């Protein structure tokens, strides 16, 4: 078995394969630099209920994704125990918090933040999850700007966070302990013929043979498989959801006892603080879907993240020392849903397109793919997210056009801007036409989700034309 990719998904599937099939040789590809790596740029939150939006839970596909997140949360305590078991005290602790506080402030669009707060409360009650709405005065540690302060707060019990760096180290160590081998090169090409995988050409010119190849190369995953015959229009594209986060040494070495977060905001950015050991906090995280990868933060991303954290969470962060600006690529599927499971090529598997919550879902996703590889049926709810598929249409064009204008306006309210009171209504009216024109031009059948539609709107004419051709080639393949 060859696992292509050394993020949370590759290493998690690597560990599960190595541990459950001691009869098989498992090799994991990827380099210590983890170029464009989502996992090392993550806090990370074990986000299930915190990831709930009204828009997600309005669609059948969104409700399915949410069910999987709730299932994954149950696996984390024993998964962490099993990974820490391979180490010693000096390796540090994977878990950094047990609980999450969701804050509601007015530094955002009512149409996102108010709707999403209501949706989180409903989803918690529906799941019989332990939680309570608490007085904001009872939230320890926070020191917001009064004009940026929360007026409601929600305590979620047993929804916590991990140190993504300590998790990656624990996964690598656990992989080696179970007889896995780490080969620090990248796959250049998957070799297959007579409808079956033969192995992987690496970027040092070598060839590694295999009966099974599992592609978990984050935002590079579809580009790798798309080289095989037909698969260019049978595996949904995955783009770079470029995310900026930061490590901050707090002014007094303090940190909150819980995750602090807002609900998901304009184009799947959001504000959160994840506790870390040793007088550090993680703050995150911006999001921008990019049609080509980017490995450096924009000035705008850094200013936005810092401004939100200092005003809405703790003014003490303003005088705190910046240790690191981190950048990683959320694997952003073109149809808005993950690519998990088997392929029309025997022995070829994919684990990708997980966007904001692959790290959280990792133990569940790993166990699902390993079950499938062993001739099992894995987890009942994952079939719709099979990687070889027509593009999913989870929303009407009308729903998406309402969403993209609302998210565009939310980039103003989240800044937060100060404008003449008539300007927002004028901007809303003048945004509708151009987005409706773009959606109608791209395809008669497919509509990109808002996060991708905004990226396409502001891309070059040539990039838009190439996407029109892609959508036409997909329609031809499947209809």
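Positions refer to the first chain, counted from 1.
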>> Please compare 120-128 with 362-370 and say which has the higher mean C-alpha temperature factor in the record.
In response: 362-370
>> Per the record, averaged over C-alpha atoms, which has the higher B-factor: 391-399 or 279-287?
In response: 391-399
> Highest CA temperature factor in the entry: which of 265, 272, 181, 155?
Replying inline: 181
>> By the CA temperature factor listed in this entry, which of these ranks top: 222, 354, 312, 96?
In response: 222
> residue 27's Cα B-factor: lowest, middle or highest third of the chain?
Replying inline: highest
> By its CA B factor, does residue 237 count among the lowest, middle or highest third of the modelled residues in the chain?
Replying inline: middle
> Ranked by Cα temperature factor within the chain, is residue 165 in the lowest third, the middle third or the highest third?
Replying inline: middle
>> Split into thirds by Cα B-factor across the chain's modelled residues, where does residue 301 land: lowest, middle or highest?
In response: lowest
> Would the CA B-factor of residue 318 place it in the lowest, middle or highest third of its chain?
Replying inline: lowest
